[PDB]
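A short write-up of the structure that comes next.
To find a chain, count down the sequence lines: A is the first, B the second, and so on, and within it residues start at 1.
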Amino acid sequence: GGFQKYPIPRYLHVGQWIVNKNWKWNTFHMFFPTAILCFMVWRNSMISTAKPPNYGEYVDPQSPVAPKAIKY
Amino acid sequence: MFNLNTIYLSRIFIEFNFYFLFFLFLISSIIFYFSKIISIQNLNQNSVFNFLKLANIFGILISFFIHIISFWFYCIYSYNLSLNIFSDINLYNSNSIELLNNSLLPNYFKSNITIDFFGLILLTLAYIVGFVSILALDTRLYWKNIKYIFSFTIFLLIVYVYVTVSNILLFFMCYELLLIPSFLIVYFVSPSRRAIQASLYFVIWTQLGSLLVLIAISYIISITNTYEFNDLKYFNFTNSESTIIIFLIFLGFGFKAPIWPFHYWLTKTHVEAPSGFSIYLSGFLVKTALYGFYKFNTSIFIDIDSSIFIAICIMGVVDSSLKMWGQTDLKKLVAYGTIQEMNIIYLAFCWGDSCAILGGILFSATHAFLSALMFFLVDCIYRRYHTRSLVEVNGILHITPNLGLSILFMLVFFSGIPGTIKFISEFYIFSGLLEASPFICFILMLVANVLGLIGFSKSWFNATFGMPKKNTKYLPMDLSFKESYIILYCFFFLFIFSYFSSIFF
Amino acid sequence: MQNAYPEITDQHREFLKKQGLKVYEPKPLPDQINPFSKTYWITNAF
Amino acid sequence: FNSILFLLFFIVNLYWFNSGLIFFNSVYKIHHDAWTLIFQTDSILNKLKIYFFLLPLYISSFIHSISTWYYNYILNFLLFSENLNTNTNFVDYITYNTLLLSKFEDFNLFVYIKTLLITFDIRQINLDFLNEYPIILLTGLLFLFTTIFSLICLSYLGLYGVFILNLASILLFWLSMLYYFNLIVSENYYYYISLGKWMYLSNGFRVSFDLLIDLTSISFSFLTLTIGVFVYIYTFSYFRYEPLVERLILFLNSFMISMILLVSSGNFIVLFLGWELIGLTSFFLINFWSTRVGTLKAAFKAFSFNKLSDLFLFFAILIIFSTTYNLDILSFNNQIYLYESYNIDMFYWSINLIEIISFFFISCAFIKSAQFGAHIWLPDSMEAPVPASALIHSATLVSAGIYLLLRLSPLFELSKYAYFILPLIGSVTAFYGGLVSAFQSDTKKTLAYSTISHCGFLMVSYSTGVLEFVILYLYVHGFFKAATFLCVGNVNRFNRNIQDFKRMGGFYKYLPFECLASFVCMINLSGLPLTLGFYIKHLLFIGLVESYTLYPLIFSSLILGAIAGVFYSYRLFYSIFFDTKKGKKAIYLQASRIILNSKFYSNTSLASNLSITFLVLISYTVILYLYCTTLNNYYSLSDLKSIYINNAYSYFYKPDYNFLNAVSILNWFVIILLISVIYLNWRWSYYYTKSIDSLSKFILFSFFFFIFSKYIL
Amino acid sequence: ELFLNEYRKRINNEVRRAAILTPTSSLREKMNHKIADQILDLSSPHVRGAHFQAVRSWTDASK
Amino acid sequence: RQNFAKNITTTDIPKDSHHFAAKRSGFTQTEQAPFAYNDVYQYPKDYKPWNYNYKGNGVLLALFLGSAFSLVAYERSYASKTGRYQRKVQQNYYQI
Ligand SMILES: CCCCCCCCCCCCCCCCCC(=O)OC[C@H](COP(=O)([O-])OCC(O)COP(=O)([O-])OC[C@@H](COC(=O)CCCCCCCCCCCCCCCCC)OC(=O)CCCCCCCCCCCCCCCCC)OC(=O)CCCCCCCCCCCCCCCCC
Ligand SMILES: CCCCCCCCCCCCCCCCCC(=O)OC[C@H](COP(=O)([O-])OCC(O)COP(=O)([O-])OC[C@@H](COC(=O)CCCCCCCCCCCCCCCCC)OC(=O)CCCCCCCCCCCCCCCCC)OC(=O)CCCCCCCCCCCCCCCCC
Ligand SMILES: CCCCCCCCCCCCCCCCCC(=O)OC[C@H](COP(=O)([O-])OCC[N+](C)(C)C)OC(=O)CCCCCCCCCCCCCCCCC
Ligand SMILES: CCCCCCCCCCCCCCCCCC(=O)OC[C@H](COP(=O)([O-])OCC[N+](C)(C)C)OC(=O)CCCCCCCCCCCCCCCCC
Ligand SMILES: CCCCCCCCCCCCCCCCCC(=O)OC[C@H](COP(=O)([O-])OCC[N+](C)(C)C)OC(=O)CCCCCCCCCCCCCCCCC
Ligand SMILES: CCCCCCCCCCCCCCCCCC(=O)OC[C@H](COP(=O)([O-])OCC[N+](C)(C)C)OC(=O)CCCCCCCCCCCCCCCCC
Ligand SMILES: CCCCCCCCCCCCCCCC(=O)OC[C@H](COP(=O)(O)O)OC(=O)CCCCCCCCCCCCCCC
């Protein structure tokens with residue numbers, strides 16, 4: 001199926017047929033910290049999220065949340 | 001809540017950083033001259049060349065840190081000064097605060113320091129680009145040109161006086177001082193034999209524009225005996241005098257900041273100059289001309305149509321973009337890119353003191369960093385692969401993956417992706433030009449960002465990709481830590497400077 | 001700033017309330033999202 | 001120095017401290033201000049008793065006072081600010097704060113510990129919280145950071161590590177997307193998220209990095225992500241035993257996230273960023289075979305076209321910003337009608353503002369959707385590996401123009417240029433792609449030209465102006481095109497990278513799963529009667545407008561393109577699988593050896609088969625959900641935020657005899673073409689006479705069966 | 001000039017708020033009010049959005 | 001070229017002297033003389049040339065302390081801008 005494997009120089013930092021013995025722990029220590037970083041980013045961004053009203057809700061035109069035109 | 005302490009700290013930092021640099025240079029020069037009978041390197045581990053290199057590098061770096069602090073102090077000071085002037089409306093009250101000078105160090109050239117955002121941006125560019133170029137020139141300085149280790153310190157001092165002075169004559173003299181060190185570097189440090197002729201072309205082409213600017217300065221000084229750079233408010237030049245001054249100023253400063261057709265010297269010098277000095281030239285030495293043009297044209301009142309100057313700038317952009325395709329030499333291709341970016345920047349200054357200056361300043365900064373990145377990549381390619389020609393170089397990525405990745409990311413940044421000061425500057429300039437002349441804006445954008453971009457990308461992609469089957473015994477290894485971190489710092493600045501305070505942009 | 005939408009009457013508001021509609025009202029940030037919350041800082045420490 | 005003794009002492013101290021806290025709380029409640037009168041009584045015996053019985057409280061207060069003193073000192077040292085509230089000496093401060101016990105008035109150790117424990121409790125999370133705050137962002141960031149960090153740290157993550165990490169991230173992202181798909185499409189849920197103030201774009205302007213998860217965004221996002229999950233699962237088998245599988249996987253993930261960002265863009269700046277990112281990542285995928293310079297030529301062709309599209313998009317955005325001092329998508333959509341009447345003074349002509357803006361947008365959309373003239377790069381982009389080709393050609397790269405039109409529909413509704421150009425170019429592209437695909441001989445080229453034809457049909461559907469029909473067409477085409485691409489990829493891998501079916505024959509037995517999967521996928525893709533893909537073309541012809549000046553050419557091209565599907569589907573399937581064996585003897589012999597006979601025997605991958613099966617099942621389910629939402633009697637689709645009503649649904653709800661009989665013309669054209677491709681003989685065979693006889697039998701039996709069904713019953 | 005640009009930015013933000021809060025039905029009906037008139041009245045001649053120079057006579061600058 | 005001294009005194013160079021051995025008997029009349037120095041570089045086990053091999057907490061501590069200082073400095077700055085000795089946390093915070 002694939003091409004025949006050929007030697008790769010040791011000194012060269014290349015990805016040809018690279019397999020790591022400790023890939024399980026590497027994945028463990030690369031996934032969870034990334035998940036925590038994304039959780040922090042998500043909770044930071046949720047402060048500036050906007051959603052339309054729900055099914056049973058209507059926006060009162062005179063409420064502060066309702067859009068307001070500029071007053072010269 | 002702004003207080004006089006911040007004002008005095010800003011002024012003291014600005015004044016004392018210059019003397020820090022000057023004392024470092026003076027001590028290093030005294031040591032160099034009085035340690036040896038003949039001022040050349042002793043080829044041994046105990047040479048003074050190591051001490052001089054250390055002193056220059058970590059004087060520039062520490063002065064750069066102090067410059068960061070002083071620039072931040074200046075930003076706060078200028079913002080609060082504008083607030084103090086603007087806020088109060090009572091007719092009896094007026095902001096008249098007078099500052100007394102320190103008694104520790106004197107005022108260099110008996111001049112009171114005045115600092116602006118554009119000047120400090122130029123000074124920051126000087127610091128960073130000088131640091132990169134000095135890091136590059138280590139392999140070039142050997143045993144008879146070690147005296148040129150101080151060239152960047154001399155450049156820093158000249159630029160410091162250039163940007164922290166309110167005197168027209170001192171301004172012009174600082175602008176004109178830059179020629180000698182640059183010519184000496186190109187003449188004595190350039191490996192290629194064609195550098196000898198390239199240096200002469202550089203000198204003559206730049207000196208023609210220097211003479212033009214000298215004529216303009218003579219017109220201003222002889223007519224207006226003032227030199228304070230602010231008394232010009234009370235003197236108005238007639239139409240003929242004003243048109244002569246603007247023409248002379250534009251042509252003279254465009255000789256330095258390459259414009260069509262005056263870029264033959266730039267191409268020659270970039271091709272035949274040291275790879276470490278090309279970085280400094282393109283990054284910084286062509287923007288002192290822009291700063292001087294801005295100062296003079298905003299000080300003088302001009303009642304002429306700028307269509308001719310805009311046409312010259314646009315023609316330069318178009319010419320460089322069209323010629324990009326036909327260059328197999330990476331250094332010459334980067335030189336054409338520099339010409340294109342500089343012409344766009346110069347075009348940004350063709351509407352006097354309008355809002356185009358902000359885009360021009362931002363584009364000057366991004367072009368400095370981008371040109372430094374590109375010339376450093378060319379330097380790495382030439383130093384490890386002993387050629388900088390597309391025909392002789394191919395498949396860089398497969399033997400030096402980091403270098404190929406750097407080339408690819410350099411191309412992406414050059415394309416002007418959002419999130420980069422390059423994109424921000426393009427947005428500023430094109431947003432203004434669309435209303436100024438939409439058809440001209442379309443032509444400029446089309447040419448520069450399609451035809452020139454494709455010509456630029458063809459050579460770099462061909463070099464990066466392919467299969468390096470030739471001379472397998474002589475293939476290099478990879479980038480070093482120094483080169484890798486320089487590339488990373490260029491990328492980091494290009495990305496993060498977009499978060500700089502928007503008050504000044 | 002001034003109201004942009006056309007005004008409605010309190011009688012109309014009461015009619016809508018009887019019909020069963022509710023007035024849209026922004027809700028406070030939950031303790032997990034609130035950055036000034038003991039829950040938020042406990043999460044940070046953990 | 002015993003751990004057991006330390007633990008026992010700690011537990012005893014905890015119990016004593018808790019009891020003291022409860023006692024102090026009760027006494028403080030009773031003696032809010034008079035508690036000191038008994039706590040700090042001058043009596044030596046009482047003082048000693050109180051100190052002994054509240055030692056845990058006193059030691060805790062002393063530790064708290066010391067910590068607060070040191071913290072205040074640190075803050076003063078760092079900030080050059082004030083004193084510790086006052087200038088109290090160390091001894092006075094520490095004594096006062098240690099004697100003071102009111103700090104424990106509302107503090108209970110057990111309650112505090114219980115609160116700390118329940119803070120992390122996951123039982124609390126509810127659907128209502130998820131509905132209020134979208135977790136789509138959390139998972140998309142997870143996928144993005146996983147891809148970026150996996151690219152950087154390749155040595156740490158081997159082949160298996162990269163695969164598993166990205167698989168987990170992408171699965172989580174897809175599950176969250178699936179959860180929110182139901183709410184966004186039908187429940188009228190959409191979110192506008194902002195990450196921060198990205199950049200300054202004027203003297204006092206600053207655009208924020210905002211995302212818009214609306215129906216328009218989710219329609220593309222869920223399709224791309226669902227296709228990408230199975231393409232990702234399939235790639236590990238297609239690039240099996242290749243030097244660089246991690247690179248291909250990470251490139252695919254990068255392209256997916258770039259397209260997701262583009263579709264779910266909150267403002268034109270984010271849209272342009274996503275545009276450039278998909279262009280760059282598609283370039284990398286096409287140029288995956290970096291060693292070859294032949295691949296670089298196709299990559300550079302695609303790069304040049306993408307840069308042209310970027311120019312057009314950038315110029316359009318600049319025009320919009322100059323007109324309205326805003327880059328928000330919602331604001332632009334709701335404001336463009338006011339400025340519709342405006343004109344722009346260009347070199348020597350006064351161009352209508354809407355017309356010029358729509359011209360640039362349509363130009364970039366055509367370039368990225370591979371319409372006629374600008375499609376030249378798509379056939380050459382097939383140099384990419386089959387997974388990359390499937391992802392780019394199904395719903396990721398070739399649907400960018402469709403997304404642009406759908407998102408900025410209010411602009412194009414008032415565009416004369418759009419009205420004239422979308423149907424004509426769409427129909428011409430449909431006809432051209434269909435016929436070229438029918439006459440094509442290579443599998444990937446056939447799929448590419450079919451993609452061009454379907455993009456033309458999508459343009460014509462948008463011209464008709466039923467966004468629901470456009471979305472349905474997009475979903476059907478994307479799913480089934482991706483599935484067919486995966487099947488042909490397996491076929492090519494078996495045939496040793498020979499993509500032409502002139503060297504393919506009798507592969508039905510060697511690739512049993514591929515044969516049947518390709519049959520289903522192709523009958524659905526090529527609009528054929530009694531298939532899920534017939535309704536998209538039916539609705540397109542229902543909605544086709546008739547006021548065009550070039551209506552004759554438009555309609556004829558549409559008919560020819562629609563019929564062209566049958567020929568390419570038949571040729572591909574039959575030539576690949578059931579034709580005479582045309583391939584090299586080695587291909588068959590190497591796999592026909594008896595030694596290989598085993599329960600594990602297969603010429604494809606089990607993971608690949610499962611991925612294709614699940615993709616087909618999920619595509620069927622999602623298409624059925626969309627059909628129920630839109631084409632049902634009860635219309636339950638979410639708001640499209642467009643005020644242009646086309647009246648096309650009238651001929652879907654209450655069609656008239658004229659239209660009902662008109663559709664029969666195309667139906668019978670397809671029937672005759674099917675009969676031709678089936679019963680037509682091009683080569684001598686032992687079955688020539690019997691084939692003619694079978695045709696006669698079929699004709700006569702069809703006539704009699706119709707007679708009995710209609711009249712005799 | 002920055003203040004007029006700020007007016008334009010604020011009205012654009014209010015339009016975005018209206019779009020998110022109000023469904024497409026009645027959205028244009030409610031926008032055909034003070035808000036639409038202000039959007040048009042804050043056009044390029046009156047506010048310098050991104051143009052290099054706001055061409056103002058000395059009387060306009062004084063105002 | 002390089003002129004620095006190889007034999008440093010800050011530390012002793014890791015080396016292995018057993019990989020290469022010098023012949024000292026059984027020579028012939030045509031064989032060249034052996035070599036005097038036959039020590040080879042020996043790397044520490046568990047050294048991975050493909051990463052930084054950095055095991056110190058100095059950089060992380062410096063970055064974390066900088067971030068914490070920035071946080072507290074911003075807190076104090078906000079209090080000063082609001083004209084209070086400390087932040088006045090509100091009872092409810094809304095999206096914005
Ligand atoms: C070989 C390179 C070649 C380069 C030249 C070529 C260039 C072009 C081609 C490029 C492609 C080719 C090269 C790539 C392959 C390299 C292969 C290789 O070398 O493998 C080894 C390499 C190193 O790993 P290793 O060798 O196994 O071990 C190293 C040590 O063990 C680690 O020791 P440690 O554990 O003690 O860590 C020390 C420290 C690492 O120390 C440093 O790197 C010093 C950094 C000093 C500051 C410089 C500016 C930083 C700007 C932001 C970027 C941060 C750096 C991350 C890298 C860039 C982004 C990808 O780690 C940290 O603490 C990370 C925090 C950094 C944050 C600093 C922020 C400063 C202020 C920035 C501006 C304001 C931001 C406001 C944000 C507000 C809230 C959002 O592989 C990696 O691990 C790759 C890491 C990639 C970055 C991701 C991890 C860090 C994430 C930080 C936070 C950001 C994420 C989201 C946070 C969300 C919450 C806020
Ligand atoms: C699209 C383009 C994409 C391009 C990028 C693609 C991705 C590229 C990925 C690959 C490259 C990047 C990621 C890997 C980087 C390398 C990470 C690594 O681990 O390398 C190992 C690398 C090599 O390891 P090595 O050979 O062992 O060298 C070690 C170093 O020389 C030194 O190590 P050390 O252990 O000796 O630590 C030294 C440390 C020493 O650390 C410490 O001292 C901390 C602990 C003491 C705390 C103070 C205690 C005082 C009281 C005493 C208490 C008792 C003692 C406590 C300490 C006990 C000992 C632990 O000193 C410092 O760090 C000085 C910094 C001071 C200024 C800044 C921080 C302070 C701010 C202000 C604070 C104010 C509040 C505090 C006030 C305090 C009182 C005044 O070491 C480092 O990580 C050094 C840091 C810099 C590394 C290079 C960073 C490159 C970043 C590139 C960013 C590019 C961004 C591009 C963005 C593009 C966006 C479009
Ligand atoms: C604070 C928030 C998060 C902060 C994170 C910031 C991340 C910034 C960007 C990091 C980019 C890292 C690139 C690493 C490349 C490593 C080399 C490699 O992959 O192999 C090169 C391959 C082969 O490399 P190789 O195998 O020869 O060598 C690998 C090992 N080294 C390099 C160390 C020797 O060569 C190529 O052909 C070049 C391919 C380049 C592909 C780049 C694709 C990037 C796609 C990113 C998509 C992100 C979407 C963002 C969406 C949101 C936008 C707002
Ligand atoms: C009228 C007053 C005139 C004043 C004239 C000033 C005389 C300056 C003489 C310089 C002599 C330099 C060599 C000193 C011996 C070095 C011995 C050594 O290497 O052992 C390691 C020891 C100690 O090393 P360490 O291992 O302890 O490292 C810590 C270093 N310090 C102490 C600085 C934190 O000496 C040094 O490291 C000193 C290095 C000196 C060179 C510094 C070069 C950078 C640029 C500054 C140079 C001086 C210019 C003036 C200052 C800048 C401008 C304000
Ligand atoms: C591009 C050429 C090749 C590169 C080298 C550059 C050389 C040229 C540099 C620019 C010189 C200025 C040209 C534009 C002048 C515009 C004003 C003008 O003259 O209009 C009539 C002006 C403007 O008139 P006006 O009509 O606008 O208003 C005044 C009208 N009256 C007087 C009637 C009331 O009229 C004059 O007063 C005549 C002035 C003539 C000055 C010409 C000589 C200038 C000498 C100094 C510069 C010499 C530089 C030489 C450098 C070396 C060359 C090798
Ligand atoms: C005149 C009446 C009005 C209608 C005007 C239009 C007339 C019909 C035009 C039909 C054009 C069809 C072109 C198909 C090209 C397929 C190319 C291909 O893939 O290779 C050949 C494939 C076979 O591929 P193959 O791989 O099996 O073998 C190929 C063999 N060689 C290369 C030697 C040819 O398919 C065919 O051969 C079938 C096409 C030929 C037969 C066409 C019959 C047309 C019948 C028209 C019926 C009209 C009904 C009335 C109503 C019509 C209007 C509504
Ligand atoms: C239907 C979606 C299907 C797909 C879901 C995929 C998983 C998504 C990630 C989990 C949910 C995270 C958002 C929680 C929202 C929330 O706060 O919801 C609210 C609840 C509390 O309810 P209240 O705030 O309403 O009182 O939050 C919690 O209970 C927080 C406990 C932790 C929740 C998981 C955190 C995941 C992040 C990584 C943790 C790493 C731990 C350490 C590893 C070494």
Counting only N and O atoms by type, is there a donor-acceptor contact under 3.5 Å from the side chain of [X] to the main-chain atoms of [Y]?
X: B:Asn167; Y: B:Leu169; result: yes
X: A:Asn44; Y: A:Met40; result: no
X: B:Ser29; Y: B:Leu26; result: no
X: D:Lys103; Y: D:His64; result: no
X: B:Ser10; Y: B:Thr6; result: no
X: B:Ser70; Y: B:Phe13; result: no
X: B:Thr366; Y: B:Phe363; result: no
X: B:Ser364; Y: B:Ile361; result: yes
X: D:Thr98; Y: D:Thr95; result: no
X: B:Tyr280; Y: B:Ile134; result: no

Residues forming a salt bridge (charged side-chain N to carboxylate O under 4.0 Å, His left out) with [X], sequence neighbours excluded:
X: D:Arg206; result: none
X: B:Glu228; result: none
X: B:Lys287; result: none

If you count every heavy atom of other residues, nucleotides or ligands that lies below 6.0 Å from B:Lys482 atom NZ, does the total exceed 12?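 Result for NZ/B:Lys482: enclosed.
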If you draw a 6.0 Å radius around CZ in B:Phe2, do more than 12 non-hydrogen atoms from other residues or ligands fall strictly inside?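 For B:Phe2, atom CZ is crowded (more than 12 foreign heavy atoms under 6.0 Å).
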I'd like to check [X] versus [Y] (side-chain heavy atoms, cut-off strictly below 4.5 Å). Are they in contact?
X: B:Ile220; Y: B:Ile300; value: yes
X: B:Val159; Y: B:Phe284; value: yes
X: B:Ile429; Y: B:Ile345; value: no
X: A:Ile70; Y: E:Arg10; value: yes
X: B:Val163; Y: B:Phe118; value: no
X: B:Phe58; Y: B:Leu61; value: yes
X: B:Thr164; Y: B:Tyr108; value: yes

For B:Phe150 and B:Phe25, take the angle between the two ring planes, folded into 0 to 90°, and tell me which bin it lands in: parallel under 30, tilted 30 to 60, perpendicular over 60.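 Correct class here is perpendicular.
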Quick one: sort the B:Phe427 and B:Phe423 rings into parallel, tilted or perpendicular, breaks at 30° and 60°.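 Ring orientation of B:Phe427 relative to B:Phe423: tilted.
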Can you tell me which residue pairs pass the salt bridge (charged side-chain N to carboxylate O under 4.0 Å, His left out) test with a partner in residues 14-27 of chain B, sequence neighbours excluded?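 The answer is none; no pair qualifies.
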Between B:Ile357 and B:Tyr294, is the side-chain contact (heavy atoms from CB on, under 4.5 Å) condition met? List the steps. CA-CA 8 Å; B:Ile357 64 184; B:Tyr294 161 83; 3.8 Å; yes
Answer with yes or no after comparing the ring centroid distance for [X] and [Y] against a 6.0 Å cut-off, counting only values under it.
X: B:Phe71; Y: B:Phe117; value: yes
X: E:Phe3; Y: E:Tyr7; value: yes
X: B:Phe22; Y: B:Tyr160; value: no
X: B:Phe64; Y: B:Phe131; value: no
X: D:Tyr200; Y: D:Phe205; value: no

Any luck finding a side-chain donor-acceptor pair between E:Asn5 and D:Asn203 under 3.5 Å?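 Per modelled atom types, E:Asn5 and D:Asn203 side chains form no pair under 3.5 Å.
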Do you see a donor-acceptor pair shorter than 3.5 Å between the side chains of B:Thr226 and B:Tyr234?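 There is no such pair (donor and acceptor under 3.5 Å, judged by atom type) between the side chains of B:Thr226 and B:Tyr234.
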[X]: side chain to side chain donor-acceptor pair (under 3.5 Å) partners, not counting sequence neighbours:
X: B:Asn112; answer: B:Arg11
X: B:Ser166; answer: none
X: D:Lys197; answer: none
X: B:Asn5; answer: none

For B:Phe253, give me all partners under ring pair (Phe, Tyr, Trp, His ring centres under 6.0 Å), at least two apart in sequence or on another chain.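 With neighbours one apart ignored, the set is B:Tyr175, B:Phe296.
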Could you pull out all residues at least two apart from B:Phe51 that satisfy ring pair (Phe, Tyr, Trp, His ring centres under 6.0 Å)?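 Partners of B:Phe51 under the ring pair (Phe, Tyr, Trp, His ring centres under 6.0 Å) test: none.
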D:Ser61 and D:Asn97: which non-hydrogen atoms are nearest, and at how many Å?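 Between these two residues, the closest heavy atoms are CB-O, 4.3 Å.
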Write down the atom of B:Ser431, the atom of E:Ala50, and the distance for their closest heavy-atom approach.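 For B:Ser431 and E:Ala50, the tightest heavy-atom pair comes out as CB-CB, 3.8 Å.
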How far apart are the C-alpha atoms of B:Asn84 and B:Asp88, what are their side-chain angles, what is the distance that settles it, and do they pass the side-chain contact (heavy atoms from CB on, under 4.5 Å) test? CA-CA 7 Å; B:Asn84 295 332; B:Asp88 197 355; over 6 Å; no
Which atom pairs, one a donor and one an acceptor, fall under 3.5 Å between side chains of residues 495-502 of chain B and the rest of the protein, sequence neighbours left out?
residue  : atom : partner  : partner atom : Å
B:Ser498 : OG   : B:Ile421 : N            : 3.4

Knowing that exactly one of F:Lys88, F:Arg87, F:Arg84 qualifies, which makes a salt bridge (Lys or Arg N to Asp or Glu O under 4.0 Å) with F:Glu75?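 Going through the options one by one, the only one that passes is F:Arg87.
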Pairs meeting criterion side chain to side chain donor-acceptor pair (under 3.5 Å) with involvement of residues 71-86 of chain D, two or more places apart: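 As it turns out, the side chain to side chain donor-acceptor pair (under 3.5 Å) pairs with a partner in residues 71-86 of chain D, which skip direct neighbours, are D:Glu82-F:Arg76.
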